[PDB]
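Visitor: Got a structure here, written out as structure tokens. Questions coming.
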There are 4 protein chains.
Amino acid sequence: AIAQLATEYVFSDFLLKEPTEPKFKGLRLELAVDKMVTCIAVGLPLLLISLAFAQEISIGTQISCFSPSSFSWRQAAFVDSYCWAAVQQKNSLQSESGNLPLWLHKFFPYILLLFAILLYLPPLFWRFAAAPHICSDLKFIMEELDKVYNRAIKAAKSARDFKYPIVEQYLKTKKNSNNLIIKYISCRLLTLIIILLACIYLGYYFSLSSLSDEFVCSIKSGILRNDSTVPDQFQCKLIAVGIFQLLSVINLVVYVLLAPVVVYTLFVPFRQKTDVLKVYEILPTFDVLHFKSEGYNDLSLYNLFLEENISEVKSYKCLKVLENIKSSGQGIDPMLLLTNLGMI
Amino acid sequence: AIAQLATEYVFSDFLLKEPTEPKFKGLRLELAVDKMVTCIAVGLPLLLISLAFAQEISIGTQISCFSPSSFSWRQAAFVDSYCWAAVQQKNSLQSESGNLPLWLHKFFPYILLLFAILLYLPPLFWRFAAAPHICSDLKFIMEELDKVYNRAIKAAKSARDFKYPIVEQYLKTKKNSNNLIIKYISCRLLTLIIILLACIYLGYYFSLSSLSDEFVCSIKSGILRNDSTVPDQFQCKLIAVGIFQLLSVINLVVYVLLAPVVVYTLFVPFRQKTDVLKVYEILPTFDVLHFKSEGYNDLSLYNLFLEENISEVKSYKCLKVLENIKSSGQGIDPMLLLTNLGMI
Amino acid sequence: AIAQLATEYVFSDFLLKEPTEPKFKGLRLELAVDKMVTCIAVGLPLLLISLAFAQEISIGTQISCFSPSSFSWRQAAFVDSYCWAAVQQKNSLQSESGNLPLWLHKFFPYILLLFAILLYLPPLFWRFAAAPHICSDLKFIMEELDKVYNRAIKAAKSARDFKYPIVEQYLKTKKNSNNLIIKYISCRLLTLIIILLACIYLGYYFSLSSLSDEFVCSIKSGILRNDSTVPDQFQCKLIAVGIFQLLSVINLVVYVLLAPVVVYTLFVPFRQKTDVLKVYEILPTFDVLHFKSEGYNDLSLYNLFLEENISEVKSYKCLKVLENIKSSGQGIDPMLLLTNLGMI
Amino acid sequence: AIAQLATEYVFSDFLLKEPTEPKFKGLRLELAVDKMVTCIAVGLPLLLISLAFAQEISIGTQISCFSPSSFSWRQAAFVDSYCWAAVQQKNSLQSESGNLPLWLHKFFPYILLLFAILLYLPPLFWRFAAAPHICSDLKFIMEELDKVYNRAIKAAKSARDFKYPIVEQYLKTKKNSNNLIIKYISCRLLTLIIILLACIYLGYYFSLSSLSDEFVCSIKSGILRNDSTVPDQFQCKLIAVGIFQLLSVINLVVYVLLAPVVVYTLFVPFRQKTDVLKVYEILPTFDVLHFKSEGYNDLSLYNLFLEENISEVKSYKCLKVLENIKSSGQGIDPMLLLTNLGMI
Ligand SMILES: CC(C)CCC[C@@H](C)[C@H]1CC[C@H]2[C@@H]3CC=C4C[C@@H](O)CC[C@]4(C)[C@H]3CC[C@]12C
Ligand SMILES: CC(C)CCC[C@@H](C)[C@H]1CC[C@H]2[C@@H]3CC=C4C[C@@H](O)CC[C@]4(C)[C@H]3CC[C@]12C
Ligand SMILES: CC(C)CCC[C@@H](C)[C@H]1CC[C@H]2[C@@H]3CC=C4C[C@@H](O)CC[C@]4(C)[C@H]3CC[C@]12C
Ligand SMILES: CC(C)CCC[C@@H](C)[C@H]1CC[C@H]2[C@@H]3CC=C4C[C@@H](O)CC[C@]4(C)[C@H]3CC[C@]12C
Ligand SMILES: *[C@@H]1O[C@H](CO)[C@@H](O)[C@H](O)[C@H]1NC(C)=O
Ligand SMILES: *[C@@H]1O[C@H](CO)[C@@H](O)[C@H](O)[C@H]1NC(C)=O
Ligand SMILES: *[C@@H]1O[C@H](CO)[C@@H](O)[C@H](O)[C@H]1NC(C)=O
Ligand SMILES: *[C@@H]1O[C@H](CO)[C@@H](O)[C@H](O)[C@H]1NC(C)=O
């Protein structure tokens, strides 16, 4: 049913499942824009495949050949199945557009599934090769931030009654290596390349004459060659090709809307904005240094992932509360922090 | 079965699922009127699609063409499938109303699913882009309110035997920025625009002549062109078009009933009523200031979400009990609060 | 449906299920490259089998024989089923390519399933015969590393206020025996051999004339032998053979892309890189000795499995944080370790 | 679908389910070679049955009879069903090979299921009659070994700062009785006998003429006896008999590969190797005596089950670590044990 496919592929959490494992607990490991680009680019061809053969849009078989009236039921079934299998054998069928449109019309679901798989591959490579590396580091950074917050408020609490910037040094180190960022821009670049190839294929397929689904087929190989009761050629038509073209144009539109999103995603430093650690600079136990910007290096990627997963950090939440209050400038940062009383 | 679709789409918790995650625990993050508008505007086209092809309302195929009596079974099947695929090819079919009604009749389920998806998109954008931002802030506000209540009753209990309005300052800050409110009114405005476009389309479709489902179809392209045994044209009829129109008028009625609800939702300040924090003004540890009204700013949105999710706050419940008792004015607020004894 | 098979075999965690048992908790026991090689080499033939008979690619029966027009419906059904069963009996059918292509065309799904099973067998033998042996040892090594880290920081903490390298001696012992490594390279070698045999078979099958699916069949054994109403021979065609060849070439391409991966996997010492225990050499309670390289011995296999599962080790994570910071060389290892304060 | 059966019967944990009960927690109670022999010998006939009627290998009905052209559709259906039911009634059908091949061709799935059930019976008898007896004893032995290890390290720890070999005496007692071992070799012997009978049957069935699936059938009992419009005899063919023979040869090959495995399993003392308790002899609280070898007695069976389930024993793991280190002979057993510090 149409509504079942709708639920399964947009309303269900299709490709939105969090990693079912206690190693990454609440950690996203895939940027929201990347998760939605993957969800679209993968589920849309699948949803379109499932629609192209919805039981109410499909009239029946995928091909019909119009055997003569003298032909029995089973002879007509043979003609249909023969021509269906004969869209490959170029000698049997004669089509005005060519044999390539026939191949594309028969194997359109396979090609869409191929595009879905190829578009799922880069997110899978990211989830397996580079997601744990960033997950461990991000979990460690969040733990260290919570610890420095607790120590700062404990020092402030003792005042109301070591000191090494380890996380800052770790991020300074991340500023050097660029392995994770080249992995990220490589998976994004393969996603963009596959999306553009899919756009090219879908634009070509939609550009077909729309009469290329009608091909002349001749069951005259083998012992049927010199047979006389069988006519020389049959007029076959590939049903559901109009549906294929109408769905291919939808896929092409969505994909050419998605390609600018991927291209923008490709520029990872430009997206690093609203410096997340700047809110921590108001802590005594934390050095006054953001030092996170301007590079095609893993530091910018970590900045993005921190900007995403930082809302889970309670210390960040309270510090941002104080920072927003500081916009008015009524009281003072350490006083409001001591008032806070939120170690964990 | 009809009853299965009924269960799935009204009696089941379709699109009423709470976010399956411990980040938002009992927090709604979608106003009840917005949740019901989404549920209706999305499930109604899906429920209608599923009804339009219920096994007891569908007689069989979606098209029937009445081949001549001389035609065999398979030749008639070819005529049916050809004309089904030929509602697209404008050269083959001749219809009094035009080819556009034929397109709309064949692809009515697809268009309804498209409307369902487009109507689901703004709630999805709200759930992903702006729901966590409001969720963290609302959870922090509820925690701070419980804390101030506990501190107030502890001070009162010590009397029977810091002091910074942090949440008030946070809300004062929210009064300034308007990012969340423009996100909210933007998703609501896109919902209204898509609902109005759906109303326009459904009113047009229902306005079709009701004989536009009968079209004359000619299987005479290719080698069949100069064939003589095949008649010049066939009288095809698109079954289940009357069902499509009867369901389109239902969808249009429900949508023109839903559009005023969305328009009213669009006026977020007007809906901010029954000042929820006013009940907290009777606490000594809480400054005597509501300061939440009159603006197209995120403060009004936070007021709505607080009015919704505030029933989960135990301190709010007890304070509202005292406030309602105060209507009689028998005793006194601090005495009844000390009697209360409900820290958590 | 195509999309259902897509989900089940690429988007679902097919053959990615962690061992459902508390004996191995978070331990991989299968290298990521080996897990992906198994997933591909097993799920691809299964996914291809499921595609070759997707309800929208299949026109109907797998064989059609074109009985004469005088034949009744049931007589034509008999001819179809007889020839289907007669691709085996070499006396009945006469084919230009031979009877072997006919056998291969009828039993192509069985042969692909056979290849899937044979390719699943070596990973199963590894999971049952050699996975627990390495699992117990790896869990013990991780526990001992956490213990030595805790003891080192406790000694450092006492300074701020036994001693036997047991794990080093255990690994030195592993350096001697080679049972696990010969088991590993044997399962990998059988995987490579079966992949190469599958490549050979698929390249042969795809090389078939593409007209070998058309065979002449004669229902003239038994009492039908001297019967006259039945014609001498029927022109049968095996539908879905073009689909079989198009899928066999896909399987062959993926398999010849997979074979270099298996060959590279076969060289286990070469893959032992980024010495994982080198990060532990900065501990006083740990002897300054890596001693893990250069051999076709179980030590290299344990090095690979440690490199994989070591991210679960918290002590390793903190030590790698200190080691990366040491790249700048600002402070000192023991001071930063004492600052660390992460016993568990 | 083929791939569904593949998953269910090889890739799923079919007949690999651990006993769903807290009485045996992590205890195997079935030797790995016995578990795999059972899995193969049971799932292979089931997987073959499911394949023999895969929807893409089955052309349709299991029998086709070729009624005359004058026969109506329902008369031909009657002939087919009559001959299908008439492979039993020996008077009606005349076959060159005999009626026994016809019986075997009709009831091949039943015979394979019968073999699967009979091969599942001995493992079931072992799981119910003799598995709890060995489970309680093995759990007690593991608990006693952990206890003696704890007591030995506690005595060693007190030195760094009763005494009855109960488990040794228990095993000495097991050395006497042979009930469990005769139960084990009896279930293995019945498994071997049933496997050999299945090999004999499958080798016979595969040896059929391959034209025994074509039998002449005569619907001429009752009032049809002297009827004239019905022909004297019909040429029926049992479709899917070639598939049955091709699958029977596969089953026979796998079974004659499995029979040597069962025969080797039958020699339980020979398999008792790598004396597991020898690693415990380095404990002071444990007497220096293995005393486990050379007998057709329950002690050898317990040795096998201990060798299997001993990896769950933590004390055994640590002791084996020390024993492997002792190969180099650098330090000393009690010193390294005291260093160990792994009571539980
Ligand atoms: C990502 C964006 C740019 C994609 C836009 C669609 C493009 C790729 C499509 C739309 C129209 C298409 C063209 C339409 C017709 C023809 C003529 C044919 O003989 C060769 C292919 C060719 C030349 C097509 C190539 C692909 C094409 C240019
Ligand atoms: C939200 C509310 C206002 C929706 C009410 C339904 C509206 C949009 C419907 C109801 C009747 C419809 C009209 C009925 C008939 C025609 C004539 C046709 O040649 C062009 C479209 C046109 C002019 C329709 C346009 C859409 C229409 C005005
Ligand atoms: C792993 C790589 C090398 C596999 C490449 C595919 C190989 C195995 C394929 C591709 C073309 C195939 C050949 C194509 C045609 C023939 C002629 C035939 O009468 C015998 C088999 C033979 C000779 C095939 C043998 C297998 C073959 C060589
Ligand atoms: C476990 C191993 C030894 C099994 C090997 C298969 C054996 C049991 C098979 C293979 C060939 C078979 C023989 C083939 C043909 C005949 C002739 C027939 O008139 C009586 C049965 C008899 C004599 C079969 C008996 C069983 C048989 C010997
Ligand atoms: C069919 O008859 C024609 C007559 O020209 C002949 O050329 C051809 O070889 C024949 N084919 C068969 C299958 O007999
Ligand atoms: C069909 O016959 C007509 C006769 O006028 C001719 O014009 C047309 O080209 C023919 N078409 C085919 C397919 O032969
Ligand atoms: C069929 O008739 C032919 C005539 O030559 C004869 O040789 C053969 O034995 C007959 N077969 C049967 C089944 O009667
Ligand atoms: C059928 O007719 C024959 C003629 O010989 C006779 O012997 C037989 O008894 C009849 N059977 C029935 C059912 O009338």
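Cβ: placed from backbone, ideal geometry, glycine included. Neighbour counts: every protein chain shown. No value in this document is a laboratory result; all are computed from the given coordinates.
Visitor: What are the residue pairs meeting all of these: first residue in segment D:202-218, first residue within 15 Å of D:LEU247 (Cβ to Cβ), second residue within 16 Å of ligand 7 (Cβ to nearest atom), Cβ atoms under 7 Å, and 6 or more apart or on different chains?
Guide: Correct list of pairs: D:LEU208/D:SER97; D:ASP213/D:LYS237.
Visitor: Right, something else. Would you say C:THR274 is out of contact with any strand residue (DSSP E or B) (no Cβ under 7 Å at 6 or more places or on another chain) and either within 16 Å of ligand 7 (Cβ to nearest atom) or within 30 Å of D:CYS217 (Cβ to Cβ) (or both)?
Guide: In short, no.
Visitor: Given the conditions (1) under 21 Å from the mean Cα position of the chain (by Cα); (2) farther than 30 Å from A:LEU180 by Cβ, and given that A:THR61 satisfies all but one, which numbered condition is not satisfied?
Guide: That leaves (1) as the condition not met.
Visitor: Something else now. If we only count helices (runs of 4 or more DSSP H) wholly inside segment D:1-117, which ones have 3 or more residues that are more than 10 Å from every other protein chain (Cβ to nearest Cβ)?
Guide: The qualifying helices (runs of 4 or more DSSP H) are D:32-52, D:73-86, D:99-106.
Visitor: Related question: Based on this model, can you work out whether B:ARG151 counts as of a type outside the set (S, T, N, Q), under 19 Å from B:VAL288 (Cβ atoms) and surrounded by 18 or more Cβ atoms within 10 Å (Cβ to Cβ)?
Guide: Judged against the criteria, B:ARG151 is a match.
Visitor: Any residue in segment D:189-201 that's in a helix (DSSP H, G or I): show its pairings with residues that are hydroxyl-bearing (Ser, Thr, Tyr) and more than 16 Å from ligand 7 (Cβ to nearest atom) at Cβ separation under 9 Å, as long as the two are six or more apart or on different chains.
Guide: From segment D:189-201, the pairs are D:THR191/D:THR38; D:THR191/D:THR265; D:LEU192/D:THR265; D:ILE195/D:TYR255; D:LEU196/D:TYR255; D:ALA198/D:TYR255; D:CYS199/D:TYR255; D:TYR201/D:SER248.
Visitor: Any idea how many residues of segment C:110-130 are among the hydrophobic types (A, V, I, L, M, F, W, C) and surrounded by fewer than 22 Cβ atoms within 10 Å (Cβ to Cβ)?
Guide: 10
Visitor: Among C:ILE166, C:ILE195, which is the only one that is within 16 Å of ligand 3 (Cβ to nearest atom) and buried (at least 16 other Cβ atoms within 10 Å of the Cβ)?
Guide: Every option except C:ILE195 fails the conditions.
Visitor: Out of A:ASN303, A:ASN226, A:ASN309, report the one residue that is away from ligand 6 (no atom under 16 Å from the Cβ) and over 25 Å from B:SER136 (Cβ atoms).
Guide: Being away from ligand 6 (no atom under 16 Å from the Cβ) and over 25 Å from B:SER136 (Cβ atoms) holds for just one of A:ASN303, A:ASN226, A:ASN309, which is A:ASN226.
Visitor: So A:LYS273 passes all but one of these: (1) more than 30 Å from A:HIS105 (Cα to Cα); (2) within 12 Å of another protein chain (Cβ to nearest Cβ). Which condition number does it fail?
Guide: Only one criterion is unmet by A:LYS273, namely (2).
Visitor: Check whether at least one residue in segment B:202-217 is in contact with a strand residue (DSSP E or B) (Cβ under 7 Å, 6 or more places away or on another chain), within 14 Å of chain A (Cβ to nearest Cβ) and away from ligand 2 (no atom under 15 Å from the Cβ), and report yes or no. Step through it out loud before you land on a result.
Guide: Keep residues of segment B:202-217 that are in contact with a strand residue (DSSP E or B) (Cβ under 7 Å, 6 or more places away or on another chain), which gives B:213-217.
Filter again for within 14 Å of chain A (Cβ to nearest Cβ), leaving B:217.
Subsequent filtering for residues that are away from ligand 2 (no atom under 15 Å from the Cβ) retains B:217.
Yes, segment B:202-217 has at least one match.
Visitor: D:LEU31 is checked against (1) over 30 Å from D:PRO19 (Cβ atoms); (2) buried (at least 17 other Cβ atoms within 10 Å of the Cβ) and fails just one. What number does that condition carry?
Guide: Status for D:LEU31: all satisfied but (1).
Visitor: Restricted to segment D:327-337, and to residues that are surrounded by 13 or more Cβ atoms within 10 Å (Cβ to Cβ) and at the interface with chain C (Cβ under 7 Å from one of its Cβ atoms), which residue is nearest to C:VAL148 (Cα to Cα)?
Guide: Looking at residues that are surrounded by 13 or more Cβ atoms within 10 Å (Cβ to Cβ) and at the interface with chain C (Cβ under 7 Å from one of its Cβ atoms), I get D:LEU336.
Visitor: Pairs, please: C-beta under 6 Å, at least 6 apart or cross-chain, first residue under 21 Å from C:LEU246 (Cα atoms) and in segment C:90-105, second in a helix (DSSP H, G or I) and of a type in the set (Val, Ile, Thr)?
Guide: What qualifies is C:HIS105/C:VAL241.
Visitor: Starting from segment A:267-284, keep only residues that are more than 16 Å from A:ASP298 (Cβ to Cβ), then list their pairs with residues that are part of a helix (DSSP H, G or I) and aromatic (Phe, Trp, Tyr) whose Cβ atoms are within a distance under 7 Å, requiring at least 6 positions of separation or different chains.
Guide: A:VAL279/A:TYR316; A:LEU283/A:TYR149
Visitor: Another one. Could you pull out the residue among C:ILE194, C:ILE223, C:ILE153 that is of a type outside the set (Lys, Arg), farther than 30 Å from D:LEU322 by Cβ and more than 16 Å from ligand 7 (Cβ to nearest atom)?
Guide: That would be C:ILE194, the only listed residue that is of a type outside the set (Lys, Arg), farther than 30 Å from D:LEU322 by Cβ and more than 16 Å from ligand 7 (Cβ to nearest atom).
Visitor: Within the bounds of segment B:165-182, is there any residue that is touching a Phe, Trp or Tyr at 6+ places or on another chain (Cβ under 6 Å), assigned to a helix (DSSP H, G or I) and within 16 Å of ligand 2 (Cβ to nearest atom)?
Guide: no
Visitor: Within segment C:248-307, work out how many residues are buried (at least 18 other Cβ atoms within 10 Å of the Cβ), of a type in the set (S, T, N, Q) and over 20 Å from the mean Cα position of the chain (by Cα).
Guide: So the answer is 5.
Visitor: Considering only segment A:77-85, I want to know if a residue exists there that is surrounded by fewer than 20 Cβ atoms within 10 Å (Cβ to Cβ) and among the acidic types (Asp, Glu).
Guide: Checked against the condition, which is being surrounded by fewer than 20 Cβ atoms within 10 Å (Cβ to Cβ) and among the acidic types (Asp, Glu), segment A:77-85 yields no hits at all.
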